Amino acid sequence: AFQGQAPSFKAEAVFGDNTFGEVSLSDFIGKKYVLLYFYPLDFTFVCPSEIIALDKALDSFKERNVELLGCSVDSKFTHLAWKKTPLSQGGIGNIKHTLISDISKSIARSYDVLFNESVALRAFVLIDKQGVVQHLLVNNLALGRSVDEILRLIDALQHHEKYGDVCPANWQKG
């Protein structure tokens, strides 16, 4: 599955800008670590605690050189319309990180988080600067409440890339 290159993609996107544009996973190789997350739909009656919890912590991600990418099977036009909708009225307001649009459902599928050919299941996927998946968080660990664990795994990941694992010390080949 996913362990070598994370399943690539080229998707339409709404930026912080509220600009439209295209994004490819590969645009981040050797630039940024990527935190790709999935949610079912835009405009539902379930508060988007994950998108907001993440956007509210954006600076923590930038400081660790992490690019946030929110994905739902919705089109780029409805993401935009959802950003132009105040929290007070069920929207996400003006979030400052990019949302991408999985309108063929292909991305959700490649990551095995497509629920009965309809919407994506909630998931947090951390990808390094070489495009290798470091973790998948789902179900009860895939909540807006999870932001601090996420940042913690990123610190551990970056610490592991720097120093490597450590031996039981007492153990030897031979």
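We number the residues from 1 along the sequence you see.
Here 62-70 and 113-121 are compared by their mean Cα B-factor, and 113-121 comes out higher. When the mean C-alpha temperature factors of 24-32 and 133-141 are read from the deposited coordinates, 24-32 comes out higher. Among the modelled residues of its chain, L99 has a C-alpha B-factor that falls in the middle third according to the deposited record.
Residue-level temperature factors show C47 in the highest third of its chain, judged at the C-alpha atom. Ranked against the other modelled residues of its chain, the C-alpha B-factor of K84 as given in the entry falls in the highest third. In the deposited entry, the Cα temperature factor of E161 places it in the middle third of its chain's modelled residues. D128: CA B factor lies in the lowest third for its chain, per the PDB record.
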